[PDB]
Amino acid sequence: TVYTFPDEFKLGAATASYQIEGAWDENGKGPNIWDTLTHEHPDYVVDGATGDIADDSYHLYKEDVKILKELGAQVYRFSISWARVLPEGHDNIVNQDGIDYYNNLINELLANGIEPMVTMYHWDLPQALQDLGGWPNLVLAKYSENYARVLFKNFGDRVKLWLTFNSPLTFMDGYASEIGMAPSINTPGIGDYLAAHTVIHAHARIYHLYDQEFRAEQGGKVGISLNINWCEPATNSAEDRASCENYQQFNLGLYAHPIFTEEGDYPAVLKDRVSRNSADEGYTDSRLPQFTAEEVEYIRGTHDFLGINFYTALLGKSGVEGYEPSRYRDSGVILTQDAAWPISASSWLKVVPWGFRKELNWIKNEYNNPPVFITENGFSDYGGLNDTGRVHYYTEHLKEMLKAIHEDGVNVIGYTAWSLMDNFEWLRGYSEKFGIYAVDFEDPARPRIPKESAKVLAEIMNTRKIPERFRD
C-alpha cells in the first residue's frame, strides 16, 4: 500500500516557456527580461548561453506531446510566455500568433489524453514592464490581472488547472544582485521584499478575477507554486530548531502565510525581525512593506490548492550571517550543507529525500493540510542517458512522498517531474541537465531521446506503484 499511488493522483512532467520554447522574437513576440539578460549580459550566464532557440518547443511542440504520450504522463505542466501573448506587457495588443501557439499545444495535449496545467508566470516578465521597475512596482498587480484575464478568456474552456506564479522566492532574488537572476538589480533586503509584496497582490487579484469572471463557467482550480528547501536543525537544540522555523517562515511563510492561513498577513517573525533590524540600522521605516487590514482579508483564502517545488535540504543553526541588508541576514539562521549528502551538477542541490517528507509534514501542520500538487522535483547531472543518479533521486523522492501520503496523511494530489527535457537552466545555461529526456543542443532538429529515468518514470506511471527493485 505505501508503494501504490492513490487512484485519483495525477503524474506527469513539467517545463517553463523561456527554458524550452526558443522563437524569442518570432511572429510578434515581444522581448522579456531573460532576452535582455542573455543578450546584454552574457557574462552572467555559463557559456554565454541564451534561450534564443533552447529546445525549439515553439516549433516542436508536437514532439513534446509525443514524448509525453510515450512517458504516459497524465498531466503536462508548462508555462505561458507573457510577452508572446501581450508583446507590450499591457493588454492593448494581443498577439494572435501566441494565442494560436498555446491553443495548438493545448489541443494537441487533449487529443492525446494529457491534461494541461498552466503556469502564468515563470520568470519571463515583458521588458516594457521591467522598465517601470518590474515587480517592486505595485502597478504590476493590475497588469498581472489583465494578463490572466486574456489567458482565462482564451484557454480556460480547456485548461482547468492554473498556477499564477512559479517560485517567487527565487525570482524575487532578481532584485537582490547586480549579476544574478533577471533583471539583475542590486536591491537586497529592499527591492526583493517589494517584489514579493507585488506578487502576493497580483496572485490575489488573479484568484478573485477567476472567481468573478470565469469560475462558474469554467469550473477549474487556481493555485500558486512555491519553492522551499527543508531546513534540518544542525543539532537537536531548541535554538537550532528555532532557526529552522525562521527559515521556513522567511522562505515559504513569506508567500504562504498571507494566502493559506486563517490569520493571513506575513508571518509575525518576518514582520518583527525586519522591523527590529531596520530600526537598528537607522531606517525611519521598516524595509518590509505592510498590508492593510483590508488587504489581509482580500489576500487570505485565495487558493484552490498549493503547488510545491521541492529539490533539496539545508542544515540550519542559530545565529545571523549575510550582508546588511539582506533577506538571509534578516532570517536569523546560519545555513550549510552536509558533506555526506550525495551531490548533483548544481552547487545548491544535494540529495536529501527524507527532507521531502519532513517538508510535506511541516506544510500539513502549518496550513491545515491543503491539497498539495508537487509542481517540480528533479535532479541535475552534466549529461548521459544512463542516469542512475536521477533514477535514484526520483525513486527515493517518490517513496518519501508516498510515505507522507499513506503514513502521515498529507493530502498530496499530483506530481510533475522537473523536467520533461534538458533545457536552458537559467544562469547555468545548458551546462546543467535536469531532463528525463536528453536534447542535443548542437543538432538544429533538437531531438528528444529518453534517459533511463524516463523509462523508470514510465514504468511507475504505467504500474501506478514503485517497482519492487526500488523498494527498501
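One rule holds for the numbers: they count along the sequence shown, beginning at 1.
Higher mean CA B-factor, judged across 430-438 and 32-40 from the recorded values: 430-438. Once the C-alpha B-factors are averaged per stretch, 337-345 and 222-230 rank with 337-345 first.
In this entry, the residue among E145, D124, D272, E213 with the greatest C-alpha B factor is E213. Residue-level inspection of the entry shows that, of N186, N277, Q96, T284, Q96 has the top Cα B-factor. In the deposited entry, the Cα temperature factor of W24 sits in the middle third of values across the chain's modelled residues. Placement of the Cα temperature factor of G319 within the chain: highest third of the modelled residues, per the deposited record. Sort the modelled residues of the chain by CA B factor and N386 lands in the highest third.
Annotation for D192: C-alpha temperature factor in the lowest third relative to the rest of the modelled chain, per the entry. Looking at the C-alpha B-factors along this chain, the one for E217 belongs to the highest third.
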